[PDB]
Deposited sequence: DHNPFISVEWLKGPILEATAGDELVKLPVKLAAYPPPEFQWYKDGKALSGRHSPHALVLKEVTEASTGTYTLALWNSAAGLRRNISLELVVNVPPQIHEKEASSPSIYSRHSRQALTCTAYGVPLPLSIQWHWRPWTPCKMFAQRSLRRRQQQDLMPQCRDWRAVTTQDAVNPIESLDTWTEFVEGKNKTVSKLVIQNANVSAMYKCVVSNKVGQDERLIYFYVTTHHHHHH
């Protein structure tokens, strides 16, 4: 009937996921309109600079800061037509264990009590941290060894005083924290804490070298 229109919808939407570090991430819409409408992309309320397409907003490289609400505004003034569509960007982050970045003791005093701590952040937040152990022996089958055993009360290489996992607020972020407390440092061993979400995994190796003073 020759009448102007603006139709816009998600390809699937309203939520789109990308992993931190992904380049050229498209935020697309299904847009059919006549005549070609005026438009403007926004993020969390504020306009966006540069030449864009009304069919897809392209993010050069996503970080955790790229997370937010992206809005396409379309209008045909002469026709009195207006359409707003919003896309929720979720940027997932592969988990990191922070103690890895910090110095760690090379020697542990025999018979002593020792606490081993792993702090992990990621998006989504990993809700558990798994502890594993292996003997103080070389590896035959090699980041991998084949003799790693889960840490339990049954057949522990060193007696376990405790093993707790919780959520803690650290540097403006909610973080998962696990602490394995060894009641007595009897024998050298290797421990590791492993953490995972849907977009990645991380491991911290602890060389639990034990000597007498």
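Missing from the model, by position in the deposited sequence, are residues 143-156, 228-232.
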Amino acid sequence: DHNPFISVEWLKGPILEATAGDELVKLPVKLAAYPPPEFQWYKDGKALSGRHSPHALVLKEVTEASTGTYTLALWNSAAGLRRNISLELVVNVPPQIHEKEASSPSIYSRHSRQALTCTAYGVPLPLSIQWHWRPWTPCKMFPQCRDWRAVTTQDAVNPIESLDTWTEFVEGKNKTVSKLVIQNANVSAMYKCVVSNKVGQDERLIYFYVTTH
From here on, numbers count along this sequence of modelled residues.
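For the segment pair 204-212 and 1-9, the entry gives 1-9 the higher mean B-factor, averaged over Cα atoms. For the pair 191-199 and 17-25, the mean B factor over Cα atoms is greater in 17-25.
Within the listed group 143, 80, 105, 124, the record reports its top CA B-factor for 143. Among 173, 43, 179, 149, the highest C-alpha B-factor recorded in the PDB entry belongs to 43. Sort the chain's modelled residues by C-alpha temperature factor and residue 164 lands in the middle third, per the entry. Remark: residue 91 belongs to the highest third of its chain, ranked by C-alpha B-factor as recorded. Residue 65: CA B factor in the highest third of modelled residues in this chain (values from the PDB entry). For residue 85, the recorded CA B-factor ranks within the middle third of the chain. Only modelled residues enter the ranking. In the deposited entry, the Cα temperature factor of residue 47 places it in the highest third of its chain's modelled residues.
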